[PDB]
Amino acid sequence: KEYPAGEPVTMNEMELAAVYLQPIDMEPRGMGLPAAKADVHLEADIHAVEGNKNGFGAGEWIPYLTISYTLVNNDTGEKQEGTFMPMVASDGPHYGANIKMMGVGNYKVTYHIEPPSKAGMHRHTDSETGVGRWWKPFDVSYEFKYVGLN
């Protein structure tokens, strides 16, 4: 049971979507909220589309991103902020975190995305094997209605 958070959007030759699930157990455990103390596992789903200039083929996961989120309950104004961790689940690698939500309501979440160069991935720059410069850091936002999972 996976829940869409807003609509996927394409920016910088990547398709970027936000989704959530019931809370997960992660290894290493003890980092972040345990499933029992969270309402959802929120993810950033990010893959190359056709035309990617940074060396990724269409559909490939984009690794080494640094992603922060700012989550606002629009009904109350209460917010929370954090960073996602890279992880892998049975249908592949993604970025995510367990999240305790802030009640039923209309939410907005914004993901601030930093390119792979900022977490240790290097690019070939020669004419023979090289790729283009990385895109500049950017934001994407999603609006969704949270009603709980049960």
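Residue indices: 1-based, along the sequence shown.
Q: Compare the mean C-alpha B-factor of 40-48 with that of 97-105 as given in the PDB entry, and name the stretch with the higher value.
A: Averaged over C-alpha atoms, the B-factors run higher in 97-105.
Q: According to the deposited model, is the average Cα temperature factor higher in 1-9 or in 139-147?
A: According to the PDB entry, the answer is 1-9.
Q: Between 119, 113, 89, 31, which carries the biggest CA temperature factor in the record?
A: Spelled out: the listed residue with the top C-alpha B-factor is 31.
Q: Mind checking which third residue 68 falls in for C-alpha B-factor across the chain?
A: Residue 68: CA B-factor falls in the lowest third of its chain.
Q: Ranked by Cα temperature factor within the chain, is residue 125 in the lowest third, the middle third or the highest third?
A: Answer is highest: the recorded C-alpha B-factor places it there.
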